[PDB]
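The structure appears below as structure tokens.
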Amino acid sequence: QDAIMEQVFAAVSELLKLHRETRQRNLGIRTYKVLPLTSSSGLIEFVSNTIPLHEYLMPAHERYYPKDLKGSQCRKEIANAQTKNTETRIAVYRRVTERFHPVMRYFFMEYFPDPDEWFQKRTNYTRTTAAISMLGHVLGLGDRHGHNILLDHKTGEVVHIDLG
Amino acid sequence: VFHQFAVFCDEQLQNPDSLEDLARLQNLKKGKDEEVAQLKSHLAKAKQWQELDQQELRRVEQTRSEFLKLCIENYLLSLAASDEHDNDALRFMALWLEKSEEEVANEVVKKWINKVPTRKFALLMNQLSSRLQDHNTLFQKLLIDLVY
Ligand SMILES: Nc1ncnc2c1ncn2[C@@H]1O[C@H](COP(=O)(O)OP(=O)(O)OP(O)(O)=S)[C@@H](O)[C@H]1O
Ligand SMILES: [Mg+2]
């Protein structure tokens, strides 16, 4: 499933190169290689110098906001109110995100301290996120949690894996 | 103002997203009830999840019922106010004949129908006189009085 869908996504991203506006901005997706050996095993290409989005975000949240909730505390508070009406779920969610502030803007300030490199890498991040967002809407792509999204800390772009 | 609001509520009813949501919740309720019928804390959790589905479905259907009320009421108010929008009679008629069973639509129509000039319905007598029946329902007591 993952290999077939990686091939489909690569083909559509190749379609993107035939238009002036998407080609001018190098809009496309980053690919990897899945190789199924048997119905129970495979070789997956370990993408070179990335870091999972969750593995960056959970330490950074407590490094930059030591008075906020931990990530596990937010997860548990959200999971406890899972068998309740929508009003209580939304109230718990607002209460939890009022004590949890985003820290993603630091990923670029601590891997690229030069403003030229910083600006280029943040633009790469925004463009690859936009392309994969539209392409994954059109193809119904789901399972987009933090362990399926990798941050390339050499070029700034995101890689989506596990596309099944 | 009234035509604006009526067209908004109507567009909120015939929304493909909301119709697919209602259909998905309906299939979920059906399948969960069938699964409960299979087994009859397995039963306990299964029926708890079934009850949660029921609450979600009640919420969605109540939202749609409010939209229907507002749509019918504002179509009737817009017909009674000006002559700018007079094909609202055809749309009101389609919407009312689709909902001839839902007593909420019939209560709203009963409340607001006597303020529209009958010249707005005068050219729709082929469709009105085709639905006449003697059934003693509220829909028929409104339809026969309008035709009269
Ligand atoms: N091709 C890949 N290249 C680089 N990192 C990867 C790749 N595939 C997975 N990872 C990461 O390496 C770790 C291994 O995770 P996996 O065991 O593959 O599945 P998982 O998502 O971590 O666990 P669950 O139960 O599926 S949420 C995770 O932190 C992934 O984000
Ligand atoms: Mg995974």
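The way I read the labels, and the way they are meant: chains A, B, ... in the order of the structure tokens, residue 1 as the first residue of every chain, and ligand 1 as the first ligand shown, with later ones counted on from there.
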
Write out as a PDB file with N, CA, C and O atoms, in the first residue's frame each polymer residue (protein, DNA or RNA) that has an atom no more than 7 Å from ligand 2, with only C-alpha atoms and all ligand atoms counted.
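Just written: result.pdb:
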```pdb
ATOM      1  N   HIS A 147       4.411  11.596  13.654  1.00  0.00           N
ATOM      2  CA  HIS A 147       5.445  10.610  13.392  1.00  0.00           C
ATOM      3  C   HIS A 147       5.555  10.253  11.927  1.00  0.00           C
ATOM      4  O   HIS A 147       6.445   9.486  11.560  1.00  0.00           O
ATOM      5  N   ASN A 148       4.672  10.782  11.091  1.00  0.00           N
ATOM      6  CA  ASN A 148       4.703  10.577   9.657  1.00  0.00           C
ATOM      7  C   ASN A 148       5.239  11.777   8.910  1.00  0.00           C
ATOM      8  O   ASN A 148       5.278  11.756   7.683  1.00  0.00           O
ATOM      9  N   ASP A 162       4.778   7.112   4.978  1.00  0.00           N
ATOM     10  CA  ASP A 162       3.684   6.266   5.450  1.00  0.00           C
ATOM     11  C   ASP A 162       2.359   6.696   4.815  1.00  0.00           C
ATOM     12  O   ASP A 162       1.391   7.037   5.486  1.00  0.00           O
TER      13      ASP A 162
END
```

Discussion item. Residues near residue 101 (chain B), anyone? I mean within 12 Å using only C-alpha atoms, not counting same-chain ones fewer than 4 positions away, as a PyMOL selection string.
Written reply: chain B and resi 95-97+105-107+137-140

Fill in: Test item: residues lying within 8 Å of ligand 1 with only C-alpha atoms and all ligand atoms, as a list in words
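The distance check yields residues 32, 33, 44, 45, 46, 47, 48, 50, 51, 52, 53, 54, 55, 145, 146, 147, 148, 149, 150, 161 and 162 of chain A.
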
For the contact check between chain A and chain B, emit one row per residue of chain A within 10 Å, containing the shortest atom pair and the distance in Å rounded to one decimal, counting only C-alpha atoms, chain then rising number order, as a Markdown table.
```
| residue | atom | partner | partner_atom | distance |
| --- | --- | --- | --- | --- |
| A:83 | CA | B:52 | CA | 7.4 |
| A:84 | CA | B:52 | CA | 7.6 |
| A:85 | CA | B:52 | CA | 7.5 |
| A:86 | CA | B:56 | CA | 8.1 |
```

Worksheet item: Near residue 65 (chain B), counting only C-alpha atoms, which residues have an atom at most 9 Å away, once you skip same-chain residues fewer than 5 positions from it, shown as an MDAnalysis selection string?
Response: chainID B and resid 60 70 104:105

Worksheet item: With distances taken over only C-alpha atoms, which of B:122, B:142, B:1, B:109 is nearest to residue 68 (chain B)?
Response: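 Looking at the shortest contact to residue 68 (chain B), the residue is B:109.
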
Discussion item. If we count only C-alpha atoms and set the cut-off at 12 Å, which residues sit around residue 127 (chain A), ignoring sequence neighbours fewer than 4 positions away in its own chain? Please answer as a list in words.
Written reply: residues 22, 23, 24, 25, 26, 27, 28, 29, 30, 120, 121, 122, 123, 131, 132, 133, 134, 155, 156, 157, 158 and 159 of chain A

Item to complete: Considering only C-alpha atoms, return as a PyMOL selection string whatever protein or nucleic-acid residues lie within 9 Å of region 87-94 of chain B, sequence-local ones (same chain, fewer than 3 positions apart) excluded.
Response: chain B and resi 3+71-72+75-76+78-79+97-99+120-121+124+127-128

Worksheet item: What gap, in Å, lies between CA of residue 69 (chain B) and CA of residue 91 (chain A)?
Response: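 Straight-line distance from CA of residue 69 (chain B) to CA of residue 91 (chain A) works out to 28.9 Å.
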
Worksheet entry | Selected residue of minimal separation from residue 60 (chain A) among A:117, A:7, A:136, A:107, counting only C-alpha atoms |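 That would be A:107, the residue with the smallest distance to residue 60 (chain A).
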
Discussion item. Taking 3 positions as the minimum chain separation for residues in the same chain, which residues sit within 9 Å of residue 74 (chain A) when counting only C-alpha atoms? Answer as number ranges by chain.
Written reply: A: 69-71, 77-79, 93, 96-97, 100

Same residues, N, CA, C and O atoms, saved as a PDB file, in the first residue's frame:
```
ATOM      1  N   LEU A  69       1.962  22.959  30.109  1.00  0.00           N
ATOM      2  CA  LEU A  69       1.746  21.536  30.277  1.00  0.00           C
ATOM      3  C   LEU A  69       2.752  20.749  29.452  1.00  0.00           C
ATOM      4  O   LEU A  69       3.246  21.211  28.425  1.00  0.00           O
ATOM      5  N   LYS A  70       3.052  19.542  29.907  1.00  0.00           N
ATOM      6  CA  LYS A  70       3.821  18.634  29.082  1.00  0.00           C
ATOM      7  C   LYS A  70       2.971  18.159  27.912  1.00  0.00           C
ATOM      8  O   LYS A  70       1.770  18.409  27.842  1.00  0.00           O
ATOM      9  N   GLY A  71       3.608  17.466  26.972  1.00  0.00           N
ATOM     10  CA  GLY A  71       2.857  16.910  25.863  1.00  0.00           C
ATOM     11  C   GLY A  71       2.027  15.715  26.280  1.00  0.00           C
ATOM     12  O   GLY A  71       0.904  15.532  25.807  1.00  0.00           O
ATOM     13  N   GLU A  77      -5.223  14.495  28.944  1.00  0.00           N
ATOM     14  CA  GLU A  77      -6.428  15.286  29.164  1.00  0.00           C
ATOM     15  C   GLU A  77      -7.352  15.230  27.962  1.00  0.00           C
ATOM     16  O   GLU A  77      -8.576  15.271  28.112  1.00  0.00           O
ATOM     17  N   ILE A  78      -6.794  15.139  26.760  1.00  0.00           N
ATOM     18  CA  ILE A  78      -7.665  15.039  25.600  1.00  0.00           C
ATOM     19  C   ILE A  78      -8.247  13.637  25.472  1.00  0.00           C
ATOM     20  O   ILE A  78      -9.396  13.479  25.050  1.00  0.00           O
ATOM     21  N   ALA A  79      -7.496  12.604  25.861  1.00  0.00           N
ATOM     22  CA  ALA A  79      -7.994  11.239  25.728  1.00  0.00           C
ATOM     23  C   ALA A  79      -9.043  10.909  26.777  1.00  0.00           C
ATOM     24  O   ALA A  79      -9.917  10.074  26.530  1.00  0.00           O
ATOM     25  N   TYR A  93     -10.524  20.945  25.017  1.00  0.00           N
ATOM     26  CA  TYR A  93      -9.507  21.285  24.033  1.00  0.00           C
ATOM     27  C   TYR A  93      -9.090  22.744  24.144  1.00  0.00           C
ATOM     28  O   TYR A  93      -7.899  23.058  24.056  1.00  0.00           O
ATOM     29  N   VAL A  96      -6.879  23.115  27.136  1.00  0.00           N
ATOM     30  CA  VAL A  96      -5.542  22.556  26.975  1.00  0.00           C
ATOM     31  C   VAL A  96      -4.687  23.420  26.060  1.00  0.00           C
ATOM     32  O   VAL A  96      -3.497  23.612  26.316  1.00  0.00           O
ATOM     33  N   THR A  97      -5.256  23.962  24.985  1.00  0.00           N
ATOM     34  CA  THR A  97      -4.443  24.800  24.117  1.00  0.00           C
ATOM     35  C   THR A  97      -4.241  26.203  24.663  1.00  0.00           C
ATOM     36  O   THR A  97      -3.420  26.941  24.119  1.00  0.00           O
ATOM     37  N   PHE A 100      -0.613  25.804  26.170  1.00  0.00           N
ATOM     38  CA  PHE A 100       0.307  25.119  25.274  1.00  0.00           C
ATOM     39  C   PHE A 100       0.554  26.070  24.118  1.00  0.00           C
ATOM     40  O   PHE A 100      -0.363  26.343  23.344  1.00  0.00           O
TER      41      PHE A 100
END
```

Worksheet entry | Interatomic distance, CA of residue 63 (chain B) to CA of residue 25 (chain B) (Å, one decimal) |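 For CA of residue 63 (chain B) relative to CA of residue 25 (chain B), the distance reads 14.1 Å.
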
Sel. of alpha helix (DSSP H) residues, region 30-132 of chain A, as a short mmCIF file (atom, residue, chain, number, x, y, z; two decimals) with N, CA and C atoms, in the first residue's frame:
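As written to disk, selection.cif reads:
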```cif
data_model
loop_
_atom_site.label_atom_id
_atom_site.label_comp_id
_atom_site.auth_asym_id
_atom_site.auth_seq_id
_atom_site.Cartn_x
_atom_site.Cartn_y
_atom_site.Cartn_z
N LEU A 53 8.75 15.29 13.31
CA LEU A 53 8.18 16.53 13.81
C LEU A 53 7.85 16.43 15.29
N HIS A 54 7.40 15.26 15.74
CA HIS A 54 7.06 15.09 17.14
C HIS A 54 8.30 15.05 18.02
N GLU A 55 9.39 14.46 17.53
CA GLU A 55 10.63 14.41 18.28
C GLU A 55 11.30 15.77 18.41
N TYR A 56 11.03 16.69 17.50
CA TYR A 56 11.47 18.05 17.75
C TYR A 56 10.50 18.78 18.67
N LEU A 57 9.20 18.63 18.44
CA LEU A 57 8.24 19.50 19.10
C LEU A 57 8.05 19.18 20.57
N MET A 58 8.21 17.94 20.97
CA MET A 58 7.87 17.69 22.37
C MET A 58 8.97 18.16 23.32
N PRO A 59 10.26 18.00 23.00
CA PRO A 59 11.28 18.63 23.85
C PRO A 59 11.29 20.15 23.77
N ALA A 60 11.04 20.71 22.59
CA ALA A 60 11.08 22.15 22.44
C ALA A 60 10.00 22.84 23.24
N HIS A 61 8.84 22.20 23.39
CA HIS A 61 7.74 22.83 24.11
C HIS A 61 8.10 23.06 25.57
N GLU A 62 8.83 22.13 26.17
CA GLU A 62 9.24 22.31 27.55
C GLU A 62 10.55 23.07 27.68
N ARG A 63 11.35 23.13 26.62
CA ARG A 63 12.55 23.95 26.68
C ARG A 63 12.22 25.43 26.61
N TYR A 64 11.23 25.81 25.81
CA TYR A 64 10.93 27.23 25.65
C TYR A 64 9.81 27.73 26.54
N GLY A 71 3.61 17.47 26.97
CA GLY A 71 2.86 16.91 25.86
C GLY A 71 2.03 15.72 26.28
N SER A 72 2.56 14.89 27.18
CA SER A 72 1.82 13.74 27.67
C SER A 72 0.62 14.16 28.50
N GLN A 73 0.72 15.25 29.25
CA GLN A 73 -0.42 15.72 30.02
C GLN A 73 -1.53 16.22 29.11
N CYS A 74 -1.18 16.93 28.04
CA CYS A 74 -2.18 17.35 27.06
C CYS A 74 -2.82 16.15 26.39
N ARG A 75 -2.01 15.15 26.02
CA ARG A 75 -2.57 13.97 25.38
C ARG A 75 -3.53 13.24 26.30
N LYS A 76 -3.18 13.11 27.58
CA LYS A 76 -4.04 12.40 28.51
C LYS A 76 -5.32 13.17 28.79
N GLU A 77 -5.22 14.50 28.94
CA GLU A 77 -6.43 15.29 29.16
C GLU A 77 -7.35 15.23 27.96
N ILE A 78 -6.79 15.14 26.76
CA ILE A 78 -7.66 15.04 25.60
C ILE A 78 -8.25 13.64 25.47
N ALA A 79 -7.50 12.60 25.86
CA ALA A 79 -7.99 11.24 25.73
C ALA A 79 -9.04 10.91 26.78
N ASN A 80 -8.98 11.53 27.95
CA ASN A 80 -9.98 11.24 28.97
C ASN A 80 -11.36 11.74 28.55
N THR A 86 -19.83 16.67 22.48
CA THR A 86 -18.92 17.55 21.75
C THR A 86 -18.64 18.83 22.51
N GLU A 87 -19.59 19.32 23.30
CA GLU A 87 -19.35 20.54 24.06
C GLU A 87 -18.23 20.35 25.07
N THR A 88 -18.24 19.24 25.80
CA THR A 88 -17.20 18.99 26.78
C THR A 88 -15.85 18.77 26.11
N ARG A 89 -15.84 18.09 24.97
CA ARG A 89 -14.60 17.89 24.24
C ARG A 89 -14.01 19.21 23.79
N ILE A 90 -14.84 20.10 23.25
CA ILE A 90 -14.33 21.39 22.78
C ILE A 90 -13.87 22.24 23.95
N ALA A 91 -14.57 22.17 25.08
CA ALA A 91 -14.14 22.94 26.25
C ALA A 91 -12.79 22.45 26.76
N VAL A 92 -12.61 21.14 26.84
CA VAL A 92 -11.33 20.59 27.29
C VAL A 92 -10.22 20.95 26.31
N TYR A 93 -10.52 20.95 25.02
CA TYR A 93 -9.51 21.29 24.03
C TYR A 93 -9.09 22.74 24.14
N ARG A 94 -10.05 23.65 24.32
CA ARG A 94 -9.68 25.05 24.52
C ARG A 94 -8.86 25.23 25.78
N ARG A 95 -9.25 24.56 26.86
CA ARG A 95 -8.50 24.66 28.10
C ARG A 95 -7.08 24.16 27.94
N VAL A 96 -6.88 23.12 27.14
CA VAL A 96 -5.54 22.56 26.97
C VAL A 96 -4.69 23.42 26.06
N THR A 97 -5.26 23.96 24.99
CA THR A 97 -4.44 24.80 24.12
C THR A 97 -4.24 26.20 24.66
N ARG A 105 8.54 28.06 15.35
CA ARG A 105 9.34 29.12 14.77
C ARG A 105 10.79 29.06 15.21
N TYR A 106 11.09 28.33 16.28
CA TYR A 106 12.46 28.19 16.72
C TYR A 106 13.23 27.14 15.94
N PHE A 107 12.55 26.19 15.30
CA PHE A 107 13.28 25.20 14.52
C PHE A 107 14.23 25.86 13.55
N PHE A 108 13.82 26.99 12.99
CA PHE A 108 14.62 27.68 12.01
C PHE A 108 15.61 28.63 12.64
N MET A 109 15.33 29.13 13.83
CA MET A 109 16.26 30.03 14.48
C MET A 109 17.41 29.31 15.15
N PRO A 115 20.61 35.07 8.51
CA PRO A 115 19.30 35.49 8.00
C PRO A 115 19.02 35.13 6.55
N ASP A 116 20.04 35.05 5.70
CA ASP A 116 19.80 34.64 4.32
C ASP A 116 19.36 33.19 4.26
N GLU A 117 20.15 32.31 4.87
CA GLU A 117 19.79 30.91 4.97
C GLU A 117 18.47 30.72 5.69
N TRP A 118 18.26 31.45 6.78
CA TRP A 118 17.01 31.35 7.53
C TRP A 118 15.81 31.64 6.64
N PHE A 119 15.87 32.73 5.88
CA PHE A 119 14.73 33.10 5.05
C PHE A 119 14.49 32.07 3.96
N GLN A 120 15.55 31.58 3.33
CA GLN A 120 15.37 30.60 2.27
C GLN A 120 14.79 29.29 2.81
N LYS A 121 15.26 28.84 3.97
CA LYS A 121 14.78 27.58 4.50
C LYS A 121 13.35 27.68 5.01
N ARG A 122 12.97 28.82 5.57
CA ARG A 122 11.58 28.98 5.98
C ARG A 122 10.65 29.04 4.78
N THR A 123 11.10 29.64 3.68
CA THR A 123 10.30 29.59 2.46
C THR A 123 10.17 28.18 1.92
N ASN A 124 11.25 27.39 1.97
CA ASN A 124 11.16 25.99 1.56
C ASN A 124 10.14 25.23 2.39
N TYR A 125 10.16 25.43 3.70
CA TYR A 125 9.18 24.79 4.57
C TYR A 125 7.76 25.15 4.16
N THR A 126 7.48 26.44 3.99
CA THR A 126 6.12 26.86 3.67
C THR A 126 5.67 26.31 2.32
N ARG A 127 6.55 26.31 1.32
CA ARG A 127 6.17 25.84 0.00
C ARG A 127 5.92 24.34 -0.03
N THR A 128 6.80 23.55 0.59
CA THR A 128 6.57 22.11 0.59
C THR A 128 5.35 21.73 1.41
N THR A 129 5.07 22.46 2.49
CA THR A 129 3.85 22.22 3.24
C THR A 129 2.61 22.53 2.41
N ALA A 130 2.63 23.62 1.65
CA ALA A 130 1.50 23.96 0.80
C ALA A 130 1.26 22.90 -0.27
N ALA A 131 2.33 22.46 -0.93
CA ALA A 131 2.18 21.47 -1.99
C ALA A 131 1.63 20.16 -1.45
N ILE A 132 2.17 19.69 -0.32
CA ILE A 132 1.68 18.41 0.19
C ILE A 132 0.28 18.56 0.76
#
```
